[PDB]
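Student: To be precise about what I am sending: the file is called protein-v7.txt and holds compact mmCIF, N, CA and C atoms and all ligand atoms.
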# COMPACT_ATOMS: atom_id res chain seq x y z
N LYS N 1 -1.83 -10.88 -13.02
CA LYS N 1 -2.20 -10.74 -11.62
C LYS N 1 -1.05 -11.19 -10.71
N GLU N 2 -0.96 -10.68 -9.49
CA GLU N 2 0.09 -11.08 -8.54
C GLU N 2 -0.26 -12.47 -8.00
N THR N 3 0.69 -13.40 -7.81
CA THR N 3 0.32 -14.68 -7.22
C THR N 3 0.00 -14.48 -5.72
N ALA N 4 -0.72 -15.40 -5.08
CA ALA N 4 -1.02 -15.26 -3.65
C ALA N 4 0.27 -15.18 -2.81
N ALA N 5 1.24 -16.00 -3.14
CA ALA N 5 2.49 -16.02 -2.39
C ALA N 5 3.23 -14.71 -2.52
N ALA N 6 3.29 -14.15 -3.74
CA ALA N 6 3.98 -12.90 -3.96
C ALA N 6 3.26 -11.78 -3.22
N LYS N 7 1.95 -11.86 -3.20
CA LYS N 7 1.19 -10.81 -2.53
C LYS N 7 1.45 -10.82 -1.02
N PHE N 8 1.56 -12.03 -0.46
CA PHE N 8 1.84 -12.12 0.98
C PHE N 8 3.20 -11.50 1.28
N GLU N 9 4.19 -11.78 0.40
CA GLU N 9 5.55 -11.22 0.60
C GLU N 9 5.56 -9.68 0.56
N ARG N 10 4.93 -9.14 -0.49
CA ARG N 10 4.86 -7.71 -0.63
C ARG N 10 4.12 -7.03 0.52
N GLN N 11 3.02 -7.60 0.97
CA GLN N 11 2.32 -6.95 2.04
C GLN N 11 2.88 -7.16 3.42
N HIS N 12 3.50 -8.31 3.68
CA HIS N 12 3.89 -8.57 5.03
C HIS N 12 5.34 -8.79 5.35
N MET N 13 6.25 -8.83 4.38
CA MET N 13 7.59 -9.09 4.77
C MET N 13 8.51 -7.85 4.82
N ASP N 14 9.23 -7.70 5.91
CA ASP N 14 10.21 -6.64 6.03
C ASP N 14 11.42 -7.18 6.77
N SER N 15 12.25 -7.92 6.05
CA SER N 15 13.38 -8.53 6.70
C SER N 15 14.52 -7.55 6.80
N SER N 16 14.36 -6.37 6.19
CA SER N 16 15.44 -5.39 6.16
C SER N 16 15.70 -4.70 7.48
N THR N 17 14.73 -4.73 8.39
CA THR N 17 14.88 -4.09 9.69
C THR N 17 14.59 -5.12 10.77
N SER N 18 15.17 -4.94 11.93
CA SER N 18 14.91 -5.87 13.02
C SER N 18 13.63 -5.52 13.77
N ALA N 19 13.23 -4.26 13.69
CA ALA N 19 12.04 -3.77 14.36
C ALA N 19 11.77 -2.37 13.84
N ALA N 20 10.53 -1.85 14.01
CA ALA N 20 10.18 -0.47 13.62
C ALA N 20 10.84 0.45 14.66
N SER N 21 11.66 1.38 14.20
CA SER N 21 12.38 2.31 15.08
C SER N 21 11.70 3.64 15.32
N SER N 22 10.80 4.03 14.40
CA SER N 22 10.10 5.30 14.44
C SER N 22 8.59 5.21 14.40
N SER N 23 7.89 6.27 14.88
CA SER N 23 6.42 6.24 14.81
C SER N 23 5.95 6.44 13.37
N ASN N 24 6.90 6.76 12.48
CA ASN N 24 6.57 6.97 11.08
C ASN N 24 6.78 5.75 10.23
N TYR N 25 7.22 4.64 10.83
CA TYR N 25 7.47 3.42 10.05
C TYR N 25 6.30 2.97 9.15
N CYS N 26 5.12 2.89 9.75
CA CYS N 26 3.96 2.46 9.03
C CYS N 26 3.62 3.41 7.90
N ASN N 27 3.69 4.70 8.13
CA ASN N 27 3.35 5.60 7.04
C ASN N 27 4.30 5.40 5.87
N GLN N 28 5.57 5.20 6.15
CA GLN N 28 6.47 5.01 5.03
C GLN N 28 6.29 3.65 4.33
N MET N 29 6.20 2.59 5.13
CA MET N 29 6.09 1.25 4.57
C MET N 29 4.81 1.00 3.81
N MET N 30 3.71 1.53 4.33
CA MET N 30 2.43 1.32 3.69
C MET N 30 2.50 1.97 2.32
N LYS N 31 3.24 3.08 2.23
CA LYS N 31 3.36 3.76 0.96
C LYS N 31 4.29 3.01 0.01
N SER N 32 5.46 2.63 0.49
CA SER N 32 6.48 1.93 -0.26
C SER N 32 5.99 0.62 -0.84
N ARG N 33 5.09 -0.05 -0.13
CA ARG N 33 4.60 -1.35 -0.58
C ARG N 33 3.36 -1.26 -1.42
N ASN N 34 3.02 -0.01 -1.72
CA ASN N 34 1.88 0.32 -2.56
C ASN N 34 0.59 -0.10 -1.94
N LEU N 35 0.52 0.02 -0.62
CA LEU N 35 -0.71 -0.35 0.00
C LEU N 35 -1.65 0.84 0.22
N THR N 36 -1.31 2.02 -0.29
CA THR N 36 -2.12 3.24 -0.12
C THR N 36 -2.48 3.84 -1.46
N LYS N 37 -2.31 3.02 -2.49
CA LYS N 37 -2.56 3.36 -3.88
C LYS N 37 -4.00 3.80 -4.20
N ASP N 38 -4.97 2.91 -4.05
CA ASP N 38 -6.32 3.35 -4.39
C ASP N 38 -7.19 3.71 -3.21
N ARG N 39 -6.67 3.32 -2.07
CA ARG N 39 -7.28 3.56 -0.82
C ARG N 39 -6.26 3.29 0.28
N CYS N 40 -6.65 3.58 1.52
CA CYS N 40 -5.78 3.32 2.65
C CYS N 40 -6.16 1.97 3.20
N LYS N 41 -5.30 0.99 3.01
CA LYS N 41 -5.57 -0.33 3.57
C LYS N 41 -5.61 -0.05 5.08
N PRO N 42 -6.69 -0.44 5.75
CA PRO N 42 -6.88 -0.12 7.15
C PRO N 42 -5.96 -0.76 8.16
N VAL N 43 -5.65 -2.02 7.91
CA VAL N 43 -4.81 -2.78 8.85
C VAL N 43 -3.78 -3.65 8.13
N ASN N 44 -2.55 -3.66 8.59
CA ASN N 44 -1.58 -4.50 7.92
C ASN N 44 -0.37 -4.73 8.80
N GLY N 45 0.07 -5.97 8.93
CA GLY N 45 1.24 -6.21 9.74
C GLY N 45 2.45 -6.63 8.88
N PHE N 46 3.64 -6.27 9.39
CA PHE N 46 4.95 -6.57 8.79
C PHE N 46 5.75 -7.45 9.75
N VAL N 47 6.37 -8.50 9.22
CA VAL N 47 7.18 -9.44 9.99
C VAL N 47 8.65 -9.17 9.74
N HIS N 48 9.42 -8.99 10.81
CA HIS N 48 10.83 -8.68 10.70
C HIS N 48 11.67 -9.89 10.90
N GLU N 49 11.47 -10.89 10.09
CA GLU N 49 12.24 -12.13 10.18
C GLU N 49 12.64 -12.49 8.75
N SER N 50 13.52 -13.43 8.60
CA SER N 50 13.87 -13.77 7.25
C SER N 50 12.69 -14.48 6.60
N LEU N 51 12.67 -14.45 5.28
CA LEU N 51 11.62 -15.09 4.52
C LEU N 51 11.65 -16.58 4.79
N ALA N 52 12.85 -17.14 4.84
CA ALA N 52 12.91 -18.56 5.14
C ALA N 52 12.26 -18.89 6.48
N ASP N 53 12.46 -18.07 7.51
CA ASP N 53 11.86 -18.35 8.81
C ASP N 53 10.35 -18.28 8.78
N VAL N 54 9.83 -17.34 8.00
CA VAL N 54 8.40 -17.21 7.91
C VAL N 54 7.82 -18.37 7.12
N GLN N 55 8.48 -18.72 6.01
CA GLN N 55 8.00 -19.85 5.24
C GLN N 55 8.01 -21.13 6.07
N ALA N 56 9.00 -21.29 6.95
CA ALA N 56 9.12 -22.48 7.78
C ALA N 56 7.93 -22.66 8.72
N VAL N 57 7.14 -21.61 8.94
CA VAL N 57 6.00 -21.78 9.84
C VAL N 57 4.98 -22.78 9.26
N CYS N 58 4.98 -22.93 7.94
CA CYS N 58 4.04 -23.85 7.31
C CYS N 58 4.32 -25.29 7.67
N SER N 59 5.43 -25.56 8.37
CA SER N 59 5.79 -26.91 8.82
C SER N 59 5.77 -26.98 10.35
N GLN N 60 5.17 -25.97 10.99
CA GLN N 60 5.08 -25.84 12.44
C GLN N 60 3.76 -26.32 13.04
N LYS N 61 3.20 -25.62 14.02
CA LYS N 61 1.98 -26.11 14.68
C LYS N 61 0.73 -25.91 13.87
N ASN N 62 0.11 -27.02 13.47
CA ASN N 62 -1.11 -26.91 12.70
C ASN N 62 -2.29 -26.54 13.56
N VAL N 63 -3.01 -25.46 13.22
CA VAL N 63 -4.17 -25.02 14.00
C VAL N 63 -5.29 -24.64 13.05
N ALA N 64 -6.50 -24.62 13.56
CA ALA N 64 -7.61 -24.21 12.73
C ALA N 64 -7.49 -22.71 12.43
N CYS N 65 -7.98 -22.33 11.24
CA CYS N 65 -8.04 -20.95 10.82
C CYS N 65 -9.34 -20.35 11.38
N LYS N 66 -9.37 -19.04 11.63
CA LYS N 66 -10.55 -18.33 12.16
C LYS N 66 -11.79 -18.67 11.38
N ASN N 67 -11.58 -19.11 10.14
CA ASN N 67 -12.64 -19.48 9.24
C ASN N 67 -13.02 -20.93 9.33
N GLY N 68 -12.30 -21.71 10.12
CA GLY N 68 -12.64 -23.12 10.22
C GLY N 68 -11.80 -24.03 9.34
N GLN N 69 -11.05 -23.47 8.37
CA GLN N 69 -10.21 -24.31 7.54
C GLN N 69 -9.04 -24.79 8.39
N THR N 70 -8.41 -25.85 7.93
CA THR N 70 -7.33 -26.34 8.75
C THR N 70 -5.95 -26.26 8.15
N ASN N 71 -5.72 -25.23 7.32
CA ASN N 71 -4.40 -25.06 6.72
C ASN N 71 -3.67 -23.89 7.39
N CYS N 72 -3.97 -23.63 8.67
CA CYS N 72 -3.29 -22.57 9.40
C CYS N 72 -2.23 -23.17 10.27
N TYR N 73 -1.19 -22.39 10.56
CA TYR N 73 -0.06 -22.86 11.36
C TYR N 73 0.38 -21.73 12.23
N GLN N 74 0.73 -22.04 13.47
CA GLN N 74 1.20 -21.02 14.37
C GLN N 74 2.69 -21.22 14.57
N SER N 75 3.44 -20.10 14.60
CA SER N 75 4.88 -20.20 14.79
C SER N 75 5.20 -20.75 16.18
N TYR N 76 6.22 -21.64 16.30
CA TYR N 76 6.64 -22.19 17.61
C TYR N 76 7.25 -21.04 18.43
N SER N 77 7.97 -20.15 17.78
CA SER N 77 8.53 -19.05 18.56
C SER N 77 7.81 -17.71 18.25
N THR N 78 8.13 -16.70 19.07
CA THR N 78 7.56 -15.35 18.83
C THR N 78 8.44 -14.72 17.75
N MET N 79 7.94 -13.77 17.02
CA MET N 79 8.72 -13.11 15.99
C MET N 79 8.51 -11.60 16.12
N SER N 80 9.47 -10.86 15.59
CA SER N 80 9.37 -9.40 15.62
C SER N 80 8.36 -8.91 14.59
N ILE N 81 7.34 -8.17 15.01
CA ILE N 81 6.37 -7.71 14.04
C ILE N 81 6.00 -6.27 14.32
N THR N 82 5.47 -5.66 13.29
CA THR N 82 4.97 -4.31 13.41
C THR N 82 3.56 -4.28 12.88
N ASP N 83 2.61 -3.86 13.72
CA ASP N 83 1.27 -3.76 13.26
C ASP N 83 1.02 -2.32 12.78
N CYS N 84 0.37 -2.16 11.64
CA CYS N 84 0.05 -0.85 11.11
C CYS N 84 -1.46 -0.73 11.04
N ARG N 85 -1.98 0.33 11.65
CA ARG N 85 -3.42 0.57 11.66
C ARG N 85 -3.72 2.04 11.42
N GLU N 86 -4.71 2.25 10.57
CA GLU N 86 -5.13 3.59 10.25
C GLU N 86 -5.65 4.28 11.50
N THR N 87 -5.31 5.53 11.69
CA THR N 87 -5.79 6.26 12.86
C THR N 87 -7.20 6.75 12.58
N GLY N 88 -8.00 6.95 13.63
CA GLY N 88 -9.37 7.41 13.45
C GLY N 88 -9.49 8.65 12.54
N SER N 89 -8.43 9.46 12.51
CA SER N 89 -8.32 10.66 11.71
C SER N 89 -8.30 10.29 10.22
N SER N 90 -7.16 9.75 9.75
CA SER N 90 -6.87 9.25 8.39
C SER N 90 -7.96 9.25 7.29
N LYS N 91 -7.67 9.97 6.20
CA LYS N 91 -8.56 10.04 5.06
C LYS N 91 -7.83 9.96 3.72
N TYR N 92 -8.27 9.00 2.92
CA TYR N 92 -7.63 8.85 1.64
C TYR N 92 -7.82 10.15 0.88
N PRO N 93 -6.78 10.64 0.24
CA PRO N 93 -5.49 10.01 0.10
C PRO N 93 -4.48 10.45 1.13
N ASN N 94 -4.93 10.92 2.27
CA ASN N 94 -3.95 11.28 3.25
C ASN N 94 -3.88 10.22 4.32
N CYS N 95 -3.35 9.07 3.90
CA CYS N 95 -3.24 7.97 4.81
C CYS N 95 -2.27 8.22 5.98
N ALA N 96 -2.75 7.88 7.17
CA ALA N 96 -1.98 8.04 8.39
C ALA N 96 -2.14 6.75 9.22
N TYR N 97 -1.01 6.23 9.68
CA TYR N 97 -1.02 5.01 10.47
C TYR N 97 -0.34 5.10 11.82
N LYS N 98 -0.89 4.29 12.75
CA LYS N 98 -0.27 4.14 14.07
C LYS N 98 0.66 2.93 13.94
N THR N 99 1.90 3.04 14.41
CA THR N 99 2.86 1.95 14.35
C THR N 99 2.97 1.29 15.72
N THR N 100 2.76 -0.02 15.80
CA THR N 100 2.90 -0.74 17.07
C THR N 100 3.83 -1.95 16.84
N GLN N 101 5.01 -1.91 17.46
CA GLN N 101 6.05 -2.94 17.41
C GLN N 101 5.83 -3.94 18.55
N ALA N 102 5.93 -5.24 18.26
CA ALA N 102 5.74 -6.23 19.29
C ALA N 102 6.43 -7.53 18.90
N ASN N 103 6.50 -8.42 19.88
CA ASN N 103 7.08 -9.72 19.65
C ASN N 103 5.97 -10.72 19.87
N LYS N 104 5.55 -11.46 18.86
CA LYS N 104 4.48 -12.36 19.17
C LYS N 104 4.46 -13.50 18.18
N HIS N 105 3.63 -14.51 18.44
CA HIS N 105 3.57 -15.65 17.52
C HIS N 105 2.72 -15.23 16.34
N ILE N 106 3.02 -15.74 15.16
CA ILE N 106 2.19 -15.39 14.00
C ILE N 106 1.41 -16.64 13.59
N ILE N 107 0.27 -16.45 12.95
CA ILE N 107 -0.54 -17.55 12.46
C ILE N 107 -0.78 -17.32 10.98
N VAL N 108 -0.39 -18.24 10.14
CA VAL N 108 -0.59 -18.03 8.71
C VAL N 108 -1.32 -19.19 8.07
N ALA N 109 -1.94 -18.92 6.92
CA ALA N 109 -2.62 -19.95 6.11
C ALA N 109 -1.62 -20.26 5.02
N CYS N 110 -1.40 -21.52 4.75
CA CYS N 110 -0.41 -21.92 3.75
C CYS N 110 -1.09 -22.69 2.65
N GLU N 111 -0.47 -22.63 1.48
CA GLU N 111 -1.09 -23.33 0.37
C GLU N 111 -0.08 -23.46 -0.73
N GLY N 112 -0.34 -24.40 -1.66
CA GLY N 112 0.45 -24.63 -2.85
C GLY N 112 1.61 -25.56 -2.75
N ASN N 113 2.36 -25.51 -3.82
CA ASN N 113 3.56 -26.30 -3.92
C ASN N 113 4.50 -25.45 -4.73
N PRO N 114 5.52 -24.93 -4.06
CA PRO N 114 5.76 -25.22 -2.66
C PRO N 114 4.68 -24.63 -1.71
N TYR N 115 4.55 -25.27 -0.56
CA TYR N 115 3.58 -24.87 0.45
C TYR N 115 4.08 -23.69 1.24
N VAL N 116 3.52 -22.53 0.95
CA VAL N 116 3.98 -21.33 1.60
C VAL N 116 2.85 -20.50 2.14
N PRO N 117 3.21 -19.46 2.91
CA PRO N 117 2.21 -18.60 3.50
C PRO N 117 1.53 -17.75 2.45
N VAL N 118 0.20 -17.68 2.53
CA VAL N 118 -0.58 -16.89 1.57
C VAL N 118 -1.45 -15.89 2.26
N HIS N 119 -1.65 -16.05 3.55
CA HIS N 119 -2.49 -15.12 4.28
C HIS N 119 -2.12 -15.13 5.73
N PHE N 120 -2.38 -14.02 6.40
CA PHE N 120 -2.13 -13.98 7.80
C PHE N 120 -3.46 -14.34 8.41
N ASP N 121 -3.43 -15.05 9.55
CA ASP N 121 -4.72 -15.16 10.24
C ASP N 121 -4.77 -14.17 11.38
N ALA N 122 -3.78 -14.30 12.23
CA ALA N 122 -3.61 -13.47 13.42
C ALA N 122 -2.13 -13.48 13.86
N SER N 123 -1.90 -12.88 14.88
CA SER N 123 -0.72 -12.83 15.74
C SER N 123 -1.10 -12.85 17.23
N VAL N 124 -0.26 -13.57 18.00
CA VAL N 124 -0.44 -13.70 19.46
C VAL N 124 0.82 -13.65 20.32
CL CL N 201 5.15 -16.80 -6.46
CL CL N 202 3.24 -3.49 -6.25
CL CL N 203 -2.27 -8.12 8.57
Can you turn what I pasted into structure tokens?
Tutor:
Amino acid sequence: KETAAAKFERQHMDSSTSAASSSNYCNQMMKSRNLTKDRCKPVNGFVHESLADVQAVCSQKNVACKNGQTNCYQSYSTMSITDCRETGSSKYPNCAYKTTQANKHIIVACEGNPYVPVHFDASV
């Protein structure tokens, strides 16, 4: 099985680009990361920062998670992100996504040792 940390990296990290340049970014990335394999994952965001910067959020502002747990952290600064969301049209296996690029703070749940991001909570 994939570890939680590895899964977070595969689904959410894209340090290779500074921002999504095309409206087709999500369609390509969702496919490349194998997120459209058995179904179309409906929502998924990509962070365009280095892995080290994202991991460093686990030592930033501690906040409650939407679930009430307290292992969530919000980034002190805004980061480049791309939100991918399935369009009302979209039908597996013809996955189609809307790409929305933005700069905002991210909120992640961290766990383990080393203590790293394992889940996204939100972005703001
Ligand atoms: Cl790992
Ligand atoms: Cl994979
Ligand atoms: Cl997400």
Student: Pick out the closest residue to residue 49 (chain N) from this set: N:11, N:84, N:17, N:123. Count only N, CA and C atoms.
Tutor: N:17
Student: Taking only region 6-121 of chain N into account, list the residues labelled strand (DSSP E) by DSSP (computed from the backbone), as JSON, numbers by chain.
Tutor: {"N": [43, 44, 45, 46, 47, 61, 62, 63, 72, 73, 74, 79, 80, 81, 82, 83, 84, 85, 86, 97, 98, 99, 100, 101, 102, 103, 104, 106, 107, 108, 109, 110, 111, 116, 117, 118, 119, 120, 121]}
Student: Just to be explicit: take each residue in the selection above, keep N, CA and C atoms, and write the result as a short mmCIF file (atom, residue, chain, number, x, y, z; two decimals), in the coordinates of the input.
Tutor:
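Just written: again-v3.cif:
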data_model
loop_
_atom_site.label_atom_id
_atom_site.label_comp_id
_atom_site.auth_asym_id
_atom_site.auth_seq_id
_atom_site.Cartn_x
_atom_site.Cartn_y
_atom_site.Cartn_z
N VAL N 43 -5.65 -2.02 7.91
CA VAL N 43 -4.81 -2.78 8.85
C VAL N 43 -3.78 -3.65 8.13
N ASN N 44 -2.55 -3.66 8.59
CA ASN N 44 -1.58 -4.50 7.92
C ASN N 44 -0.37 -4.73 8.80
N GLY N 45 0.07 -5.97 8.93
CA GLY N 45 1.24 -6.21 9.74
C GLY N 45 2.45 -6.63 8.88
N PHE N 46 3.64 -6.27 9.39
CA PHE N 46 4.95 -6.57 8.79
C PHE N 46 5.75 -7.45 9.75
N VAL N 47 6.37 -8.50 9.22
CA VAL N 47 7.18 -9.44 9.99
C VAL N 47 8.65 -9.17 9.74
N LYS N 61 3.20 -25.62 14.02
CA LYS N 61 1.98 -26.11 14.68
C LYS N 61 0.73 -25.91 13.87
N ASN N 62 0.11 -27.02 13.47
CA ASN N 62 -1.11 -26.91 12.70
C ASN N 62 -2.29 -26.54 13.56
N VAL N 63 -3.01 -25.46 13.22
CA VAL N 63 -4.17 -25.02 14.00
C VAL N 63 -5.29 -24.64 13.05
N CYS N 72 -3.97 -23.63 8.67
CA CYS N 72 -3.29 -22.57 9.40
C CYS N 72 -2.23 -23.17 10.27
N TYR N 73 -1.19 -22.39 10.56
CA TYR N 73 -0.06 -22.86 11.36
C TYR N 73 0.38 -21.73 12.23
N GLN N 74 0.73 -22.04 13.47
CA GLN N 74 1.20 -21.02 14.37
C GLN N 74 2.69 -21.22 14.57
N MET N 79 7.94 -13.77 17.02
CA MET N 79 8.72 -13.11 15.99
C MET N 79 8.51 -11.60 16.12
N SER N 80 9.47 -10.86 15.59
CA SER N 80 9.37 -9.40 15.62
C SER N 80 8.36 -8.91 14.59
N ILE N 81 7.34 -8.17 15.01
CA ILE N 81 6.37 -7.71 14.04
C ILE N 81 6.00 -6.27 14.32
N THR N 82 5.47 -5.66 13.29
CA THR N 82 4.97 -4.31 13.41
C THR N 82 3.56 -4.28 12.88
N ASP N 83 2.61 -3.86 13.72
CA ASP N 83 1.27 -3.76 13.26
C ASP N 83 1.02 -2.32 12.78
N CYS N 84 0.37 -2.16 11.64
CA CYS N 84 0.05 -0.85 11.11
C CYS N 84 -1.46 -0.73 11.04
N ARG N 85 -1.98 0.33 11.65
CA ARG N 85 -3.42 0.57 11.66
C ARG N 85 -3.72 2.04 11.42
N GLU N 86 -4.71 2.25 10.57
CA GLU N 86 -5.13 3.59 10.25
C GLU N 86 -5.65 4.28 11.50
N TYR N 97 -1.01 6.23 9.68
CA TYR N 97 -1.02 5.01 10.47
C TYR N 97 -0.34 5.10 11.82
N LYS N 98 -0.89 4.29 12.75
CA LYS N 98 -0.27 4.14 14.07
C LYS N 98 0.66 2.93 13.94
N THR N 99 1.90 3.04 14.41
CA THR N 99 2.86 1.95 14.35
C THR N 99 2.97 1.29 15.72
N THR N 100 2.76 -0.02 15.80
CA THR N 100 2.90 -0.74 17.07
C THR N 100 3.83 -1.95 16.84
N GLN N 101 5.01 -1.91 17.46
CA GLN N 101 6.05 -2.94 17.41
C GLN N 101 5.83 -3.94 18.55
N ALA N 102 5.93 -5.24 18.26
CA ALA N 102 5.74 -6.23 19.29
C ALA N 102 6.43 -7.53 18.90
N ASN N 103 6.50 -8.42 19.88
CA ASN N 103 7.08 -9.72 19.65
C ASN N 103 5.97 -10.72 19.87
N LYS N 104 5.55 -11.46 18.86
CA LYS N 104 4.48 -12.36 19.17
C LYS N 104 4.46 -13.50 18.18
N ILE N 106 3.02 -15.74 15.16
CA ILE N 106 2.19 -15.39 14.00
C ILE N 106 1.41 -16.64 13.59
N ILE N 107 0.27 -16.45 12.95
CA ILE N 107 -0.54 -17.55 12.46
C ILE N 107 -0.78 -17.32 10.98
N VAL N 108 -0.39 -18.24 10.14
CA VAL N 108 -0.59 -18.03 8.71
C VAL N 108 -1.32 -19.19 8.07
N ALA N 109 -1.94 -18.92 6.92
CA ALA N 109 -2.62 -19.95 6.11
C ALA N 109 -1.62 -20.26 5.02
N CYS N 110 -1.40 -21.52 4.75
CA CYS N 110 -0.41 -21.92 3.75
C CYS N 110 -1.09 -22.69 2.65
N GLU N 111 -0.47 -22.63 1.48
CA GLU N 111 -1.09 -23.33 0.37
C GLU N 111 -0.08 -23.46 -0.73
N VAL N 116 3.52 -22.53 0.95
CA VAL N 116 3.98 -21.33 1.60
C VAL N 116 2.85 -20.50 2.14
N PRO N 117 3.21 -19.46 2.91
CA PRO N 117 2.21 -18.60 3.50
C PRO N 117 1.53 -17.75 2.45
N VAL N 118 0.20 -17.68 2.53
CA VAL N 118 -0.58 -16.89 1.57
C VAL N 118 -1.45 -15.89 2.26
N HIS N 119 -1.65 -16.05 3.55
CA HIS N 119 -2.49 -15.12 4.28
C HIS N 119 -2.12 -15.13 5.73
N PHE N 120 -2.38 -14.02 6.40
CA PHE N 120 -2.13 -13.98 7.80
C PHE N 120 -3.46 -14.34 8.41
N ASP N 121 -3.43 -15.05 9.55
CA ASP N 121 -4.72 -15.16 10.24
C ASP N 121 -4.77 -14.17 11.38
#
Student: Can you list every residue of region 21-70 of chain N that has an atom at most 7 Å from region 90-106 of chain N, with its nearest atom pair and the distance in Å to one decimal, using all atoms listed in the file, ordered by chain then number, as a Markdown table?
Tutor:
| residue | atom | partner | partner_atom | distance |
| --- | --- | --- | --- | --- |
| N:22 | C | N:99 | CA | 6.6 |
| N:23 | C | N:99 | N | 5.4 |
| N:24 | N | N:99 | N | 6.5 |
| N:25 | N | N:99 | CA | 6.2 |
| N:26 | N | N:99 | CA | 5.2 |
| N:27 | CA | N:97 | N | 5.1 |
| N:36 | CA | N:95 | CA | 6.9 |
| N:39 | CA | N:92 | CA | 5.8 |
| N:40 | N | N:92 | CA | 5.4 |
Student: Counting all atoms listed in the file, which residue out of N:55, N:82, N:69, N:77 sits closest to residue 117 (chain N)?
Tutor: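 Smallest distance to residue 117 (chain N) is found for N:55.
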Student: Around the point (-7.1, -13.5, 11.9) (coordinates from the file), which residues reach within 8 Å if we count all atoms listed in the file? Answer as a PyMOL selection string.
Tutor: chain N and resi 65-67+107+120-123
Student: Once you have the residues from the selection above, write them out as a PDB file, in the frame of the given file, restricted to N, CA and C atoms.
Tutor:
ATOM      1  N   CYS N  65      -7.980 -22.330  11.240  1.00  0.00           N
ATOM      2  CA  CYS N  65      -8.040 -20.950  10.820  1.00  0.00           C
ATOM      3  C   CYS N  65      -9.340 -20.350  11.380  1.00  0.00           C
ATOM      4  N   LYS N  66      -9.370 -19.040  11.630  1.00  0.00           N
ATOM      5  CA  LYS N  66     -10.550 -18.330  12.160  1.00  0.00           C
ATOM      6  C   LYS N  66     -11.790 -18.670  11.380  1.00  0.00           C
ATOM      7  N   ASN N  67     -11.580 -19.110  10.140  1.00  0.00           N
ATOM      8  CA  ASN N  67     -12.640 -19.480   9.240  1.00  0.00           C
ATOM      9  C   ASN N  67     -13.020 -20.930   9.330  1.00  0.00           C
ATOM     10  N   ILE N 107       0.270 -16.450  12.950  1.00  0.00           N
ATOM     11  CA  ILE N 107      -0.540 -17.550  12.460  1.00  0.00           C
ATOM     12  C   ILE N 107      -0.780 -17.320  10.980  1.00  0.00           C
ATOM     13  N   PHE N 120      -2.380 -14.020   6.400  1.00  0.00           N
ATOM     14  CA  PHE N 120      -2.130 -13.980   7.800  1.00  0.00           C
ATOM     15  C   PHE N 120      -3.460 -14.340   8.410  1.00  0.00           C
ATOM     16  N   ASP N 121      -3.430 -15.050   9.550  1.00  0.00           N
ATOM     17  CA  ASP N 121      -4.720 -15.160  10.240  1.00  0.00           C
ATOM     18  C   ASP N 121      -4.770 -14.170  11.380  1.00  0.00           C
ATOM     19  N   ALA N 122      -3.780 -14.300  12.230  1.00  0.00           N
ATOM     20  CA  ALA N 122      -3.610 -13.470  13.420  1.00  0.00           C
ATOM     21  C   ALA N 122      -2.130 -13.480  13.860  1.00  0.00           C
ATOM     22  N   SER N 123      -1.900 -12.880  14.880  1.00  0.00           N
ATOM     23  CA  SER N 123      -0.720 -12.830  15.740  1.00  0.00           C
ATOM     24  C   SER N 123      -1.100 -12.850  17.230  1.00  0.00           C
TER      25      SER N 123
END
Student: Find the residues of chain N that sit at most 7 Å from ligand CL 203 (chain N); for each, write down the nearest two atoms and how far apart they are in Å, to one decimal. Count only C-alpha atoms and all ligand atoms. Sort by chain, then by number going up, and give it as JSON lines.
Tutor:
{"residue": "N:43", "atom": "CA", "partner": "N:CL203", "partner_atom": "CL", "distance": 5.9}
{"residue": "N:44", "atom": "CA", "partner": "N:CL203", "partner_atom": "CL", "distance": 3.7}
{"residue": "N:45", "atom": "CA", "partner": "N:CL203", "partner_atom": "CL", "distance": 4.2}
{"residue": "N:120", "atom": "CA", "partner": "N:CL203", "partner_atom": "CL", "distance": 5.9}
Student: Nearest to residue 62 (chain N) among N:75, N:15, N:50, N:32, with distances taken over all atoms listed in the file: which residue is it?
Tutor: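 Checking each candidate against residue 62 (chain N), we get N:75 as the closest.
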